[PDB]
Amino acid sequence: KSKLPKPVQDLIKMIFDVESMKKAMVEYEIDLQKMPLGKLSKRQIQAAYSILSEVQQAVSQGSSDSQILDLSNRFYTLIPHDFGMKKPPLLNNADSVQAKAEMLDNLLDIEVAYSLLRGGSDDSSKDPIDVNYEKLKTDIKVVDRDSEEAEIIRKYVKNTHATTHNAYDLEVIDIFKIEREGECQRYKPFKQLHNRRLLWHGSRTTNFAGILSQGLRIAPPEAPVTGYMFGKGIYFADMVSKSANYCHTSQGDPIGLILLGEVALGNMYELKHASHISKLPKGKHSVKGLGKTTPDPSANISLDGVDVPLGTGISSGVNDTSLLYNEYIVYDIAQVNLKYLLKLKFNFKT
């Protein structure tokens, strides 16, 4: 039987939950009969990215009907939905394709996830959990509650979480220290890069099997460009409140997972509005999206050189921005070093 700590075994089940994969899909109105998990293929998701990009181009071009209705029918044919005696929604605007594009993203993490699960050895010698664990390629340990680390992380979570978006309260059930296999010699060269910060990265529970196995990736060129604030990259927040919004928890499933990663930001390109960048100005290595709020800078604490902005949220310098909180973006995968994984319970104020 498994020699892992219980909280670790419990985390493994959480991330390899098949039911959660199905619920996440039906919740998207995906027809499970025609498109079951087993029929999920990346090649089919890439094609849908491409059709969605083809709809944005037609939308922005202002095509004469028939063209939008056909491209819309093409997408719904490739990605089987079930809306009953009602035709799917016409993808004729930016809001509409962005929603579909974000859908494909998670659908892909589910496909990646299911591929990992339904793959490997079929023996019965080792207990599944130990097998599933090995599939992640990440060393996972429990962070003691009465540990300075845990205290740091708890303060960061509590401080950067306030009462103006307090439609819920956050309680840390488990903190895990993470080290993905190899994710060391890849980040190290960037470790000689100042402006290293400990930042948040929230994501739905069904996307962790993928993020751990392969780390945080960047969207492919075929993906639609609509919705992105600062181009295709890895998005981080310095306030748990902003990130917590991507865990997609509810009263039914009140438990999510949040990542704390060290990011070698370097000199940041500071912006206040959505820009088409991805290509940095010479001498800059990251983008900072200036939010109206930011943790009180006076309460920053750098660890090992790593900056930890756990200050309580204050009004920032400028609110003439389009963002409510700070956003940090990197366009190189080796600039991130995932350090912690948090399991959190959300208590809704309703």
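Heads up: residue numbers just count along the shown sequence, starting at 1. Each form is matched to the other, and the largest set of C-alpha atoms that superpose within 1.5 Å is called the rigid core.
> What stretch shows more C-alpha movement in 5 other deposited structures of this protein relative to this form, 165 to 173 or 271 to 279, after the core is superposed?
Evaluated in 5 other deposited structures of this protein, the stretch farther from the shown form is 271 to 279.
> Any chance you could tell me whether 286 to 294 or 317 to 325 drifts more in 5 other deposited structures of this protein, judged by RMS CA distance from this form after superposing on the core?
Clearly, after the core fit, the stretch farther away in 5 other deposited structures of this protein is 317 to 325.
> So, looking at the entry's B-factor column for Cα atoms, which has the higher mean, 230 to 238 or 273 to 281?
Per the deposited B-factors, the answer is 273 to 281.
> Would you tell me which stretch averages the higher CA B-factor in the PDB entry, 28 to 36 or 50 to 58?
Averaging CA B-factors over each stretch, the winner is 28 to 36.
> Out of 314, 287, 45, 301, whose C-alpha atom has the biggest B factor in the entry?
Highest C-alpha B-factor among the listed options: 301.
> Quick one: which of 155, 74, 165, 177 shows the highest Cα temperature factor in the PDB entry?
Reading the PDB entry, the winner on C-alpha B-factor is 165.
> Determine, from the deposited record, the chain-internal third of the Cα B-factor for residue 198: lowest, middle or highest.
Its C-alpha B-factor, which the entry lists for residue 198, ranks in the lowest third among residues of this chain.
> Quick one: classify residue 137 as lowest, middle or highest third of the chain based on its Cα B-factor.
Middle third.
> Should residue 88 be placed in the lowest, middle or highest third of its chain by the C-alpha B factor in the entry?
It belongs to the highest third of the chain when residues are ordered by C-alpha B-factor.
> Sort the modelled residues of this chain by their C-alpha B factor and say whether residue 217 lands in the lowest, middle or highest third.
According to the entry, residue 217 has a C-alpha B-factor in the chain's middle third.
> According to the PDB entry, is the CA B factor of residue 81 in the bottom, middle or top third of its chain, that is, lowest, middle or highest?
Its C-alpha B-factor belongs to the middle third of this chain's values.
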